[PDB]
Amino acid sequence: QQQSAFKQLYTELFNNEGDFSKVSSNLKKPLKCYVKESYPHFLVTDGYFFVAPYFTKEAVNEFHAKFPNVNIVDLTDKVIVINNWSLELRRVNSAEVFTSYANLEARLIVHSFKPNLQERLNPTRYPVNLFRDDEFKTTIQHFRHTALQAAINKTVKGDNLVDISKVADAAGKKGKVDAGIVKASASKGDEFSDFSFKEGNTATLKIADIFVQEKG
């Protein structure tokens, strides 16, 4: 049984084509998690891995209401509780976003969270980027594999096998290796993007706007 809440959640989301509805509802309960960092990157840990929660304009506001004196960009070392959250899939550039993998990011959209001030959480292993976990990385690769395999089986047709006479008795025959490259789908650029999961999207605040909005 998976002990890491984040790993189990993010895994079930990916295994269910990024459909937050198909994922078990028994895991949609409040999430109490420690805050490793808060700036320049806000990261929380479920006791095992750290993930970057994306705050909506509503959340950061509601937070300020019941907690005016509380600065979010300073919650480091302090634990927080999320009562209204939703996980959604998003295609990103892993070369810039370190909280993703293979240009795919599973985001934790937080609608509302409370700061459990001074509460002292239990000491656990050193938290790590869930997106650097061997098993979770493989999970995502599986996700892409399925999408890639289906895409190719839909685009490639007619058993257009390389003519054998081209490789048989080819002493005086010379060829360019790029003659073996095959386009997987109709995708625009050189990047494969023929996924079936409906890429969700919700206006989320940049951890920077929450900085100036509290200490310009």
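All residue numbers refer to positions in the sequence shown, first residue = 1. In this text, rigid core is short for the largest set of C-alphas that superpose within 1.5 Å between two forms.
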Query raised in the report: Core-superposed in 8 other deposited structures of this protein, which stretch deviates more in Cα positions, 91-99 or 120-128?
Result: 120-128
Requested in this report: On mean C-alpha B-factor from the PDB entry, just flag whether 69-77 or 87-95 is the higher one.
Outcome: 69-77
Query raised in the report: If you average the Cα B factors in the entry, which is higher, 171-179 or 31-39?
Result: 31-39
Query raised in the report: Going by the entry, which of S112, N103, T139, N129 has the most elevated CA B factor?
Result: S112
Query raised in the report: In the PDB entry, which of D46, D163, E62, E191 has its C-alpha at the highest B-factor?
Result: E62
Query raised in the report: Sorting the chain's CA B-factors, does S196 end up in the lowest, middle or highest third?
Result: middle
Report summary line: Binned into thirds over the chain's modelled residues, the C-alpha B-factor of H145 lands in the lowest
Report summary line: Split the chain's modelled residues into thirds by Cα B-factor; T11 lands in the lowest
